[PDB]
C-alpha cells in the first residue's frame, strides 16, 4: 500500500542524493571516495588518501539510513558502473523481488515514478 511505495521513493531520493554528493566530491577532489573511505568521506574528511580540496562541512548534511534501517552500500570502483551506490532492500540481501529488490544508481529509474521512465 502507501507504506511500500513511500519506502521505495525514500530509497530513490537517498540514492540520488548520495550520487549527487559523490559527484561534488569528485569535482573538488578529482576522484571519487574509495570503497574504504566510504560514504563517510561525504561528511568527514577521509584519509588514505587525504583529499586535496575537501569542502568545509563536507558534501551532504548527514548520511541517510535506508527505509529498512540499514546503511546504504557503496563501491568504488563499482561492479555495475564507475561507482555503485545502493540498498539491498527489505530482505537485506543480494537479489530479490518486491520490496526485497535491490535499488542502486545503475537501475534507479526503474524505481522512480512512472514519469521518469523511458518506454
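Positions refer to the first chain, counted from 1.
Legend entry - 97-105 versus 7-15 - greater average Cα B-factor per the deposited record: The stretch with the larger average C-alpha B-factor is 97-105.
Legend entry - Residue stretch of maximal mean CA temperature factor, 38-46 vs 82-90: Result of the comparison: 82-90.
Legend entry - Per the PDB entry, maximal CA B factor within 33, 58, 77, 67: Each of 33, 58, 77, 67 was compared by C-alpha B-factor; the highest is 77.
Legend entry - Ranked against its chain, the third holding the CA B-factor of residue 115: Tercile = lowest for this residue's CA B-factor.
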